[PDB]
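Each remark here refers to the structure printed beneath this line.
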Amino acid sequence: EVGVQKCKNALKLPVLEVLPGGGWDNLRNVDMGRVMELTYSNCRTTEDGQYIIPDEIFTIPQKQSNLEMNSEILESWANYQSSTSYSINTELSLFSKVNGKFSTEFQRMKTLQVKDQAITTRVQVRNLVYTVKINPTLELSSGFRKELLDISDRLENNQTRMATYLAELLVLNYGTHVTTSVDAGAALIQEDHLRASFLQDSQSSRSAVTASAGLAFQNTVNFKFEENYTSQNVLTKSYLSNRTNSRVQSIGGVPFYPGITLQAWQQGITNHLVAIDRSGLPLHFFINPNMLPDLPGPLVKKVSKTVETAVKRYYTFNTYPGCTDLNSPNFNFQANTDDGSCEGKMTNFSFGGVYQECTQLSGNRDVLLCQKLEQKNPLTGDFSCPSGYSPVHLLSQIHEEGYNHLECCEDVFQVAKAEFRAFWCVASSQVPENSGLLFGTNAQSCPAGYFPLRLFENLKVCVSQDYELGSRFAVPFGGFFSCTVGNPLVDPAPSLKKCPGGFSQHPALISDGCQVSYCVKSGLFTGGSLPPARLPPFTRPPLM
Amino acid sequence: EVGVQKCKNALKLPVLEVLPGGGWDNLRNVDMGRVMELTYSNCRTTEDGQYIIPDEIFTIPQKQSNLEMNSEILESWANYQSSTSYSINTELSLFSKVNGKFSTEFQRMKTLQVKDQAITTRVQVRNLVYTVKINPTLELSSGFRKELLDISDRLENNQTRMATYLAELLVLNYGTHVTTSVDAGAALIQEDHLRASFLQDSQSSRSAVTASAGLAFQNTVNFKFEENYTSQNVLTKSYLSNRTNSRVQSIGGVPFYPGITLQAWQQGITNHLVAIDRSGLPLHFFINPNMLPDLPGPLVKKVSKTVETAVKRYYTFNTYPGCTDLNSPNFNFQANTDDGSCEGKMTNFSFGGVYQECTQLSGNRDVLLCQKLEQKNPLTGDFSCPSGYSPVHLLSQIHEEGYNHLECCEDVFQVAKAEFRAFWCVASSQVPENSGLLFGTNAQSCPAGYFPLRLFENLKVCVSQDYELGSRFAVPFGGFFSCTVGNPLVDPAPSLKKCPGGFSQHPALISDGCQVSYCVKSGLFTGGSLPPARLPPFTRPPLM
Amino acid sequence: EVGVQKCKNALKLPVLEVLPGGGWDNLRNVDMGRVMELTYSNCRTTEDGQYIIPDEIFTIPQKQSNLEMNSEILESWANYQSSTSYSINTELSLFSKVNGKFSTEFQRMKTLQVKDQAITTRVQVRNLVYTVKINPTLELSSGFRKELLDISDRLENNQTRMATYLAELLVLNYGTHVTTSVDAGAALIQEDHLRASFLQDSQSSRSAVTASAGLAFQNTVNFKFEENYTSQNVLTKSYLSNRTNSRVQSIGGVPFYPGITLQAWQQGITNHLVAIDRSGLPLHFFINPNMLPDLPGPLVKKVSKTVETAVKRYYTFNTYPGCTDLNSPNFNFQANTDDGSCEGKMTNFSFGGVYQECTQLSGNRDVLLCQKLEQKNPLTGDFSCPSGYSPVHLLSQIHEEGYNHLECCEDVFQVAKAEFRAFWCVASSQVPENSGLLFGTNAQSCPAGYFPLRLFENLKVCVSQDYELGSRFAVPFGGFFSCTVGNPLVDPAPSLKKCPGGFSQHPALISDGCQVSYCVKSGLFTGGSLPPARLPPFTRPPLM
Ligand SMILES: *[C@@H]1O[C@H](CO)[C@@H](O[C@@H]2O[C@H](CO)[C@@H](O)[C@H](O)[C@H]2NC(C)=O)[C@H](O)[C@H]1NC(C)=O
Ligand SMILES: *[C@@H]1O[C@H](CO)[C@@H](O[C@@H]2O[C@H](CO)[C@@H](O)[C@H](O)[C@H]2NC(C)=O)[C@H](O)[C@H]1NC(C)=O
Ligand SMILES: *[C@@H]1O[C@H](CO)[C@@H](O[C@@H]2O[C@H](CO)[C@@H](O)[C@H](O)[C@H]2NC(C)=O)[C@H](O)[C@H]1NC(C)=O
Ligand SMILES: *[C@@H]1O[C@H](CO)[C@@H](O[C@@H]2O[C@H](CO)[C@@H](O)[C@H](O)[C@H]2NC(C)=O)[C@H](O)[C@H]1NC(C)=O
Ligand SMILES: *[C@@H]1O[C@H](CO)[C@@H](O[C@@H]2O[C@H](CO)[C@@H](O)[C@H](O)[C@H]2NC(C)=O)[C@H](O)[C@H]1NC(C)=O
Ligand SMILES: *[C@@H]1O[C@H](CO)[C@@H](O[C@@H]2O[C@H](CO)[C@@H](O)[C@H](O)[C@H]2NC(C)=O)[C@H](O)[C@H]1NC(C)=O
């Protein structure tokens, strides 16, 4: 045809295999989408005469190299460097303590450092070879344009809750940032871990331990399968006995195997390139009146706002407070950001129960969903909390449902609205251990003897009334907090939204705009593997 | 086609891969943009007959070389040489102590010298090969022309605050200087660090320590993987035991590996060239009536002024005073420029609180934003500071917001204006330790017990009222200073804008024209990594 | 095309890569511009038949060579030889003690000789191969012609201060001299430094120390990487222990590495040539009535005068008097020319202050700039110097500013003029140490306690009133001198323009025609790196 293939039949050259203009998810370092365009218009080459480039980029060669002889120690896993995306993870002073905390590389480092009390160590060979950018005169792609008018067309007829669902679908396909800088090259990076007690017993030889690791790295590369290397004489015997694991990885060129020299690895560095860092801008910056020609003036300033709150919602859902200091008790694993809420003693409390009733405000006739909302108290029954309830609001939203009506041969569809709220009970002033509720396997069910019952259409947290077997798996309760109201149990919403000292928060049942939570000291809820990131959508689409 | 490709099909020669005319960011040594043009008009070569050049440059060959046998010691990290941009970082006697203080190379040298009390050492091989320039008869590019009329078209209709936003967008894409000189070549530079106590114990052998380092550098290059080199006999045993780390880097030719001779490295020096220094002029010099033909006379002299204040604003935001001497107490890390404000004892003070109220000057009806501005005192409440307030001004600006009105089928858009100011409270004359405020993890929240509340729509600095747990994380307060007014607490705005001896300034919440600050002696706010540079824009765009 | 490329397709020969006719900056040995022309008119070759030359030059071959066996000692860094530009740096008996004092080569020699009490030593191999010149029948270039009529067109309508700005723009782009002689060739030059005490202890063996250095230079070239060379037997052991550093550089041919014989270096000397000396004439000599045809008679004699004063102004700005003898106290580093003002004892003085007022001579109405000029005394206030003022003039010039007036739909632009002068105070006859002013980090601010305030719109030199902390960083004041008036404090403008014995001058705030100065004995202002040359422009352009 005519296009990309026309240039390769006239010059006999490869194409550069790394371009900017794509999207970039920021909290998971992975690429998707093409938010810009590139058209192989006429013909172009790099000035060295080795590649074929698109029409609007420009390259400036650097041809650098690096080789270090001493490894370095980066501690304190709450702040780290990713060695493949470093210029893009620190910019703009945004909510950046959560940034980069869900990569494939980060979750393997945190799992290693907490099991055997470890600190890490790395040594690399860089070999930078290029740097490309983009000129500021640019257009959007054909794909990104067709789905950008759609969020404007559903917004010009005044439909809130119908554009925010289309907005959160845009972050899933095109990421949060737009990378406009890259640089090709290779690397050869050899990570290592060491025990914590080894680093402290000989502090004066801190320049002598890392000097051995840089010498041992060149013996793994430059020698063959056997062991004729000279590090096994004096000091590497107290080494090689406190390291837990190590791995050598390479992100460029021919695949690495122990036995090639350093000469032969850098010889075949051409035609195998990848980005080793990048930098860009947020997504709410490329929605400009200069960028979109035909859309009107004061309408594109609202599109740039409604896509900003979606990517701000994506940052505030999957974030977790809690303690992070390793030597203290109640060390809350599965917690990325620090809170400083450690060193707090605990005091027990008491809980009453929960019973739900339906309201049915705007449903006059032909509405049958009120008895689905029903849930009674397992201790008393009807509208009589034992002694402890005092009114909070905690929730207000609408649950809709639609039905097909037969009006006759021809059918018109209509829906009905409602309103719902639940209740809760707690200890009143001072009631002794008698008439106390015991609160609750990797199952859908509670342990034996306990009985669960529904709360909010998908979750189950159990209530039980026994005093011989119920203390086998009982956990003390801390208190709910929510989107607007705060926890009244703290400070013995005028207060803040957290949990008192000695407990740990947990997420539960996000529902249409913001989520609710609870906290409970268990010691067993914290264990397990690390959770993946919670991806959008969040709000279910209204059905017109 | 016809153009660049027409010349290469008739001569069979490469193209020179380094040209002037691009932009150059000055405080981060990196390149972007093409503020000049080059058109491959007819045909040209260099007079040696090895490259193809643009139509308006001229090259003068030099063919130099260098090789030194003794390394040198550059101390005092506040002033340094970058070895890749030296002729451009010292010119014009501008605000140049901040110049070059945010490169990739500089931030790695400062981190090494402060951890282990180090001084550096380098030895290089230069091999200069060319020097190109530009003739003074020149035009602007097509891209730079189209975005230069736009800052004139929005200025001819008298819109201040709408051109300064377009001005600060120009510094982001095209840098602060314009490089018109380069010189191709290579290098081979081997940095090294040494302890501070080693250099002082034998001062008479200062010509003998550096003579060994120059001999050891040629053994790493010219010999193979093993160790048959003759430096391990007499004096290198007291060496190789105080060095912390070292790295060999090369910025030209084939990639470096230990084992090539010095002969084979300089043989393949052709077709791999890069700039190793450069020099240029500021950006407010290439806006001239001779440069732009069609724009009128006394209008281009205003464009050259409004782009000068933007690049002067970019230099004065990211700069930090504070102490820099390493041996003294309160050593303020993360501080580039010196102040001389060390050796000052400290005295505690007391702070009262902060409460905010809205004004609503020009909003008669249909304006609902006044209660968003509300913030009350956590100690007293209404308009009654305890004993200490005395009026300062500290701020005056406008907060705008717009709303879509329905005038009917057809919609016209209009906005509303306002004015705001906050308040503050401090100790009056002499009040004892009773009724004193305790002032405040890498989180959005304060530590436990403390409560934060909003100040200026994005920041939070906490107030707390307790006297048992509040002293766990209390910090003494120093005083605010701002854009126009000064700190009255100094000299125990007629005074200057700084903080008394023993504290350290910090930036906070830049808002529309200049920023405010505070200072607090912590000992823990200074630690951490180095911050990246704060890039423009600064002023949010008005919405017409 | 037809031109340069037509000759190379018929003869298959290279082009000579070094031509005269360009410009030449004299105090910085670097090249720019093409003030003459060369047109490859018909065809030509050198008579040997190896190169292609322009139409109006002529070459006379010499084919010389040199090789010396004994190095030589050049002392006294105030006068030196540059070894690449020697015939052009000594001519015409002009202001030549400042000539060549700002090269890249000179600033590295002065830094080495002052740190370790050193004297230099060199030995070279010359190999001259050609010499070209230009016939006196010649034309100007197309580029230099178009910018030469412009300085005449703005001069024929009687605009002083509008042509001198265009004159100083010509020296920036085309240098001060015009080189019309060169000679191609190579070199191989090996510099060296030695201690000062080694040369004096054995004066009788002065022919024996330099005889060893010439023998050791041929062993570095002609032998391989190892050490099988025979200089390590008798006398080189008391050598190689007082040298500080050495470097081998080469400015022609293939790049140098230790290991090629002297045979192989001179074999590939073809097609790699550069100038190793040159000589020319000043720039005010090529503006002649025979040179420019169309311009009238008595008008070109004024153009030759107004460009002579600009290049004389460029020589007198960046020049510094002061002491230069190394063994004496108050050794003023950063001083190129000698003054002989050493060996002078010192006596303290006292200073009063400075207060400024505006005049507003020719501004009747709509002029608002007078209160910007205001600056009051920090000690007394209004028009009352304490006891010491006596009138001098010291300054007279005009500060202009323009404003856009709305006369209506149509706008005409007009400016307003003024006049300004500052004041100063000093000790009267004999006042004791009471009521004395203490006069003042690499910052914009003074040290702590001190307060700065504005003097002349860009500079700040501080005044302070304290007697406990102010003596921490106090410096004694010497006295101002200026363009026309002299210092009255000397000879205890009828006197000269200098500073009494024991102090050191410094430049400050050049403003529109000539600069002012001051002097202060510090001991700390002299330290630091060497400053670069101050480039033109100097006078800001009037705005018509
Ligand atoms: C445009 O959208 C707004 C909501 O953003 C609608 O305003 C609501 O109007 C109803 C009655 O018409 C009120 O009961 C609601 O309280 C309003 N919402 C709010 C948040 O106050 C408005 O009706 C819509 N207009 C059209 C033509 O659809
Ligand atoms: C972990 O490293 C420590 C060093 O910090 C090792 O402890 C030393 O081992 C040597 C080897 O024989 C002994 O001579 C020392 O007496 C040990 N103690 C100290 C305080 O130096 C330790 O052996 C390593 N761990 C394991 C499992 O080998
Ligand atoms: C041109 O811009 C100036 C501001 O630079 C405008 O001057 C303001 O005019 C209003 C009333 O018209 C005054 O209340 C303001 O105080 C003025 N500004 C200042 C800084 O004094 C001027 O109105 C503009 N003219 C046009 C036609 O838009
Ligand atoms: C750092 O260097 C110093 C030299 O300045 C070393 O100190 C000397 O080391 C030699 C080696 O055996 C001893 O003979 C000397 O007695 C030491 N002291 C002095 C004052 O010369 C020091 O050992 C080095 N640091 C380390 C950790 O080895
Ligand atoms: C030509 O330039 C001269 C200055 O070189 C002008 O002379 C000035 O004339 C004004 C009044 O016309 C006097 O007040 C000044 O004192 C004169 N200058 C000097 C230095 O004495 C002259 O006016 C100019 N002529 C024209 C036609 O522009
Ligand atoms: C600098 O050179 C001087 C010679 O001028 C050296 O001094 C002599 O060194 C020899 C070598 O053993 C001794 O035998 C002599 O006694 C020394 N003195 C004299 C007066 O000749 C000196 O050693 C050199 N500097 C250094 C640091 O070695």
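Residue numbering restarts at 1 for every chain of the structure tokens, chains are lettered A, B, ... in their displayed order, and ligands are numbered from 1 as they appear.
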Contacts of residue 484 (chain B) at 10 Å or less, counting only C-alpha atoms, minus same-chain residues fewer than 6 places along, as a CSV table (one decimal) with C-alpha atoms, in the first residue's frame?
chain,number,residue,atom,x,y,z
B,393,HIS,CA,-2.5,43.2,55.4
B,394,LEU,CA,-0.6,40.1,54.0
B,395,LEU,CA,-3.0,39.4,51.0
B,493,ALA,CA,7.5,46.2,55.6
B,496,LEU,CA,13.4,42.4,55.5
B,497,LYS,CA,11.7,39.1,54.5
B,514,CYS,CA,3.6,35.3,44.6
B,516,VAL,CA,3.7,32.8,51.2
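A distance search around ligand 3 (9 Å at most, only C-alpha atoms and all ligand atoms) returns the following protein and nucleic acid residues: residues 157, 158, 159 and 160 of chain B.
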Dump N, CA, C and O atoms for the selected residues as a CSV table (one decimal), in the first residue's frame?
chain,number,residue,atom,x,y,z
B,157,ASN,N,-5.6,43.8,22.5
B,157,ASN,CA,-7.0,44.1,22.9
B,157,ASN,C,-7.0,44.3,24.5
B,157,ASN,O,-8.1,44.3,25.0
B,158,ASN,N,-5.9,44.6,25.1
B,158,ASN,CA,-5.7,45.0,26.5
B,158,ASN,C,-6.3,43.9,27.4
B,158,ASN,O,-7.4,44.1,28.1
B,159,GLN,N,-5.7,42.7,27.5
B,159,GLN,CA,-6.0,41.7,28.4
B,159,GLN,C,-4.8,41.3,29.2
B,159,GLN,O,-4.1,40.3,28.8
B,160,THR,N,-4.5,42.0,30.3
B,160,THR,CA,-3.6,41.4,31.2
B,160,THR,C,-4.3,40.3,32.0
B,160,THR,O,-5.5,40.2,32.0
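Counting from CA of residue 177 (chain A), the distance to CA of residue 318 (chain A) is 17.8 Å.
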Would you mind listing the residues within 9 Å of ligand 6, counting only C-alpha atoms and all ligand atoms, as a CSV table (one decimal) with C-alpha atoms, in the first residue's frame?
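The resulting pocket-v5.csv:
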chain,number,residue,atom,x,y,z
B,204,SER,CA,53.0,17.1,51.6
B,205,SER,CA,52.2,14.2,49.4
B,207,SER,CA,51.3,15.6,44.4
B,208,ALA,CA,51.7,11.9,45.1
C,194,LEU,CA,57.4,22.1,38.5
C,195,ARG,CA,57.9,23.5,42.0
C,196,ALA,CA,59.6,26.8,42.5
C,197,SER,CA,62.1,25.6,45.1
C,198,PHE,CA,63.4,22.8,42.9
C,199,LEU,CA,64.7,25.2,40.2
C,200,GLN,CA,66.8,27.3,42.6
C,201,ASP,CA,68.7,24.6,44.6
C,202,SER,CA,70.7,23.3,41.6
C,237,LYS,CA,64.2,9.9,40.8
C,238,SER,CA,64.7,13.4,42.1
C,239,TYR,CA,62.5,14.3,39.2
C,240,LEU,CA,58.9,12.8,39.1
C,241,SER,CA,58.5,14.0,42.7
C,242,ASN,CA,58.1,17.7,42.4
C,243,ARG,CA,55.9,17.9,39.3
Next item on the list: Find the residues near residue 448 (chain C): any atom within 10 Å, counting only C-alpha atoms, skip ones fewer than 4 places away on the same chain, and give them as a list in words.
Entry: residues 339, 340, 341, 342, 343, 344, 491, 498, 499, 500 and 501 of chain B; 469, 470, 472 and 473 of chain C
Notebook entry, point to check: So which residues touch residue 471 (chain A) within 12 Å, counting only C-alpha atoms, skipping near sequence neighbours fewer than 6 positions away, as a ChimeraX atom specification?
Noted result: /A:436-440,447-450,464-465
Item checked: Surroundings of ligand 1 up to 12 Å, based on only C-alpha atoms and all ligand atoms, as number ranges by chain -> A: 155-162; B: 403-411
Output file for the selection above: N, CA, C and O atoms, as a compact mmCIF listing (two decimals), in the first residue's frame:
# COMPACT_ATOMS: atom_id res chain seq x y z
N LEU A 155 -23.46 15.61 27.69
CA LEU A 155 -23.38 16.66 28.69
C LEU A 155 -24.11 17.93 28.29
O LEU A 155 -24.50 18.70 29.17
N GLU A 156 -24.32 18.15 27.00
CA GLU A 156 -25.01 19.36 26.55
C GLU A 156 -26.51 19.31 26.77
O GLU A 156 -27.18 20.33 26.59
N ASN A 157 -27.06 18.16 27.16
CA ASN A 157 -28.49 18.03 27.44
C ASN A 157 -28.77 17.83 28.92
O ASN A 157 -29.86 17.35 29.27
N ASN A 158 -27.81 18.18 29.78
CA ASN A 158 -27.94 18.24 31.24
C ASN A 158 -28.31 16.87 31.83
O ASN A 158 -29.41 16.65 32.35
N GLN A 159 -27.36 15.94 31.71
CA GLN A 159 -27.48 14.62 32.33
C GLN A 159 -26.25 14.36 33.20
O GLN A 159 -25.28 13.74 32.76
N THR A 160 -26.31 14.82 34.45
CA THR A 160 -25.39 14.33 35.46
C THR A 160 -25.78 12.90 35.81
O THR A 160 -26.92 12.48 35.59
N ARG A 161 -24.79 12.14 36.30
CA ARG A 161 -24.77 10.70 36.61
C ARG A 161 -24.78 9.86 35.33
O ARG A 161 -24.63 8.64 35.40
N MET A 162 -24.91 10.47 34.15
CA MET A 162 -24.78 9.77 32.89
C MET A 162 -23.49 10.12 32.16
O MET A 162 -23.11 9.40 31.24
N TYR B 403 -21.26 30.36 36.57
CA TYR B 403 -22.46 29.53 36.66
C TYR B 403 -23.26 29.67 35.37
O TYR B 403 -23.28 30.73 34.74
N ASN B 404 -23.93 28.58 35.00
CA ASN B 404 -24.72 28.53 33.77
C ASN B 404 -26.16 28.90 34.09
O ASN B 404 -26.84 28.20 34.84
N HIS B 405 -26.62 30.01 33.52
CA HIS B 405 -27.95 30.54 33.77
C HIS B 405 -28.87 30.21 32.60
O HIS B 405 -28.44 30.15 31.45
N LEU B 406 -30.15 29.98 32.91
CA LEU B 406 -31.16 29.61 31.91
C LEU B 406 -32.06 30.82 31.69
O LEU B 406 -32.95 31.11 32.50
N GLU B 407 -31.83 31.53 30.59
CA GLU B 407 -32.58 32.74 30.26
C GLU B 407 -33.50 32.44 29.08
O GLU B 407 -33.07 32.45 27.93
N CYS B 408 -34.77 32.18 29.38
CA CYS B 408 -35.77 31.98 28.33
C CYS B 408 -37.16 32.34 28.84
O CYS B 408 -37.30 33.11 29.79
N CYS B 409 -34.10 28.00 26.26
CA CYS B 409 -33.97 28.00 24.81
C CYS B 409 -32.60 28.53 24.38
O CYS B 409 -32.00 28.02 23.44
N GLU B 410 -32.13 29.56 25.07
CA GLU B 410 -30.82 30.14 24.83
C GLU B 410 -30.15 30.41 26.16
O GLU B 410 -30.81 30.79 27.13
N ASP B 411 -28.83 30.23 26.22
CA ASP B 411 -28.08 30.34 27.46
C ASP B 411 -26.89 31.26 27.27
O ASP B 411 -26.06 31.04 26.38
Note to self: Neighbouring residues of residue 210 (chain A) were defined as those with any atom within 8 Å, considering only C-alpha atoms; residues of the same chain fewer than 2 positions away were excluded. Please report them as a PyMOL selection string.
What the structure shows: chain A and resi 70-72+206-208+212-214
Could you write out the selected residues, including N, CA, C and O atoms, as a short mmCIF file (atom, residue, chain, number, x, y, z; two decimals), in the first residue's frame?
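part.cif, freshly written:
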data_model
loop_
_atom_site.label_atom_id
_atom_site.label_comp_id
_atom_site.auth_asym_id
_atom_site.auth_seq_id
_atom_site.Cartn_x
_atom_site.Cartn_y
_atom_site.Cartn_z
N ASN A 70 30.60 0.13 42.82
CA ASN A 70 30.14 -0.03 44.20
C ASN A 70 28.63 0.03 44.24
O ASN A 70 28.03 0.96 43.71
N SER A 71 28.02 -0.97 44.86
CA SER A 71 26.58 -0.97 45.02
C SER A 71 26.17 0.01 46.11
O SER A 71 26.99 0.50 46.88
N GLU A 72 24.88 0.28 46.17
CA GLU A 72 24.35 1.23 47.13
C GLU A 72 23.17 0.63 47.87
O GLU A 72 22.54 -0.32 47.40
N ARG A 206 31.63 -0.18 56.01
CA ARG A 206 30.52 0.04 55.09
C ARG A 206 31.01 0.30 53.67
O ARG A 206 30.32 -0.03 52.71
N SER A 207 32.20 0.87 53.53
CA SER A 207 32.83 1.00 52.23
C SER A 207 33.52 -0.27 51.78
O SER A 207 34.01 -0.32 50.65
N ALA A 208 33.57 -1.29 52.63
CA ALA A 208 34.23 -2.54 52.28
C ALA A 208 33.26 -3.66 51.94
O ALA A 208 33.63 -4.58 51.20
N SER A 212 32.90 -5.29 47.76
CA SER A 212 32.96 -6.69 47.36
C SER A 212 31.82 -7.06 46.43
O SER A 212 32.00 -7.90 45.55
N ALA A 213 30.64 -6.47 46.64
CA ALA A 213 29.49 -6.81 45.82
C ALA A 213 29.66 -6.32 44.39
O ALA A 213 29.20 -6.98 43.45
N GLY A 214 30.32 -5.19 44.21
CA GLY A 214 30.59 -4.71 42.87
C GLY A 214 31.64 -5.53 42.15
O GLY A 214 31.65 -5.59 40.92
#
Contacts of chain A with chain B up to 8 Å, shortest pair per row, only C-alpha atoms, as CSV:
residue,atom,partner,partner_atom,distance
A:42,CA,B:1,CA,7.3
A:43,CA,B:1,CA,7.4
A:47,CA,B:17,CA,5.4
A:48,CA,B:17,CA,6.1
A:49,CA,B:14,CA,6.9
A:60,CA,B:18,CA,7.7
A:61,CA,B:274,CA,7.0
A:62,CA,B:274,CA,6.3
A:63,CA,B:251,CA,5.6
A:64,CA,B:251,CA,4.4
A:65,CA,B:249,CA,5.4
A:66,CA,B:249,CA,4.7
A:67,CA,B:247,CA,5.5
A:68,CA,B:247,CA,4.3
A:69,CA,B:246,CA,5.9
A:70,CA,B:245,CA,5.3
A:90,CA,B:532,CA,7.5
A:91,CA,B:532,CA,6.9
A:92,CA,B:534,CA,7.0
A:97,CA,B:442,CA,7.3
A:127,CA,B:255,CA,7.5
A:133,CA,B:32,CA,7.7
A:135,CA,B:33,CA,6.8
A:136,CA,B:173,CA,7.2
A:137,CA,B:143,CA,7.2
A:207,CA,B:244,CA,5.4
A:208,CA,B:241,CA,7.6
A:211,CA,B:245,CA,7.9
A:222,CA,B:225,CA,7.9
A:262,CA,B:257,CA,6.6
A:263,CA,B:257,CA,6.4
A:266,CA,B:255,CA,7.0
A:298,CA,B:543,CA,7.8
A:337,CA,B:443,CA,6.8
A:338,CA,B:441,CA,5.9
A:339,CA,B:441,CA,6.1
A:340,CA,B:447,CA,5.5
A:341,CA,B:448,CA,5.6
A:491,CA,B:449,CA,7.5
A:495,CA,B:451,CA,7.7
A:496,CA,B:451,CA,7.1
A:501,CA,B:448,CA,7.9
Item checked: Expected answer as a VMD selection string: strand (DSSP E or B) residues in region 153-341 of chain B -> chain B and resid 175 177 to 185 188 to 195 246 to 249 258 260 274 to 282
Could the residues in this selection be saved with C-alpha atoms as a PDB file, in the first residue's frame?
ATOM      1  CA  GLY B 175      13.339  26.941  27.585  1.00  0.00           C
ATOM      2  CA  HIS B 177      18.152  30.369  26.603  1.00  0.00           C
ATOM      3  CA  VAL B 178      18.955  29.831  22.928  1.00  0.00           C
ATOM      4  CA  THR B 179      22.179  27.982  22.229  1.00  0.00           C
ATOM      5  CA  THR B 180      24.233  29.380  19.349  1.00  0.00           C
ATOM      6  CA  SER B 181      27.540  27.524  19.667  1.00  0.00           C
ATOM      7  CA  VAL B 182      28.396  23.825  19.963  1.00  0.00           C
ATOM      8  CA  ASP B 183      31.380  21.549  19.398  1.00  0.00           C
ATOM      9  CA  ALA B 184      31.297  17.847  18.618  1.00  0.00           C
ATOM     10  CA  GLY B 185      33.580  15.283  20.200  1.00  0.00           C
ATOM     11  CA  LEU B 188      36.077   9.488  28.816  1.00  0.00           C
ATOM     12  CA  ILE B 189      35.656  10.689  32.385  1.00  0.00           C
ATOM     13  CA  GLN B 190      36.217   8.670  35.569  1.00  0.00           C
ATOM     14  CA  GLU B 191      34.823  10.246  38.736  1.00  0.00           C
ATOM     15  CA  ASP B 192      35.891   9.197  42.234  1.00  0.00           C
ATOM     16  CA  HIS B 193      35.218  10.084  45.866  1.00  0.00           C
ATOM     17  CA  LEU B 194      37.505  10.072  48.901  1.00  0.00           C
ATOM     18  CA  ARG B 195      37.123  10.627  52.630  1.00  0.00           C
ATOM     19  CA  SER B 246      33.542   5.332  41.610  1.00  0.00           C
ATOM     20  CA  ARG B 247      32.117   5.187  38.117  1.00  0.00           C
ATOM     21  CA  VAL B 248      33.463   5.453  34.584  1.00  0.00           C
ATOM     22  CA  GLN B 249      31.268   7.142  32.011  1.00  0.00           C
ATOM     23  CA  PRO B 258      37.093  -2.464  30.389  1.00  0.00           C
ATOM     24  CA  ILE B 260      39.601  -2.002  24.773  1.00  0.00           C
ATOM     25  CA  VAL B 274      27.701  14.847  20.512  1.00  0.00           C
ATOM     26  CA  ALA B 275      28.018  18.299  22.022  1.00  0.00           C
ATOM     27  CA  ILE B 276      30.329  18.542  25.013  1.00  0.00           C
ATOM     28  CA  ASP B 277      29.823  22.267  25.694  1.00  0.00           C
ATOM     29  CA  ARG B 278      27.742  25.153  24.395  1.00  0.00           C
ATOM     30  CA  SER B 279      27.037  28.851  24.855  1.00  0.00           C
ATOM     31  CA  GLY B 280      24.170  31.149  24.022  1.00  0.00           C
ATOM     32  CA  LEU B 281      22.055  34.195  24.797  1.00  0.00           C
ATOM     33  CA  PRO B 282      18.880  34.831  26.821  1.00  0.00           C
TER      34      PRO B 282
END
Margin query: Counting only C-alpha atoms and all ligand atoms, which residue out of A:203, A:454, A:511, A:417 sits closest to ligand 2?
Written below: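 Residue with the minimum atom-to-atom distance to ligand 2: A:203.
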Notebook entry, point to check: So which bits of region 69-154 of chain A end up alpha helix (DSSP H) when you DSSP the backbone, as a list in words?
Noted result: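 Listing alpha helix (DSSP H) positions across region 69-154 of chain A yields residues 104, 105, 106, 107, 108, 109, 110, 111, 112, 113, 114, 115, 142, 143, 144, 145, 146, 147, 148, 149, 150, 151, 152 and 153 of chain A.
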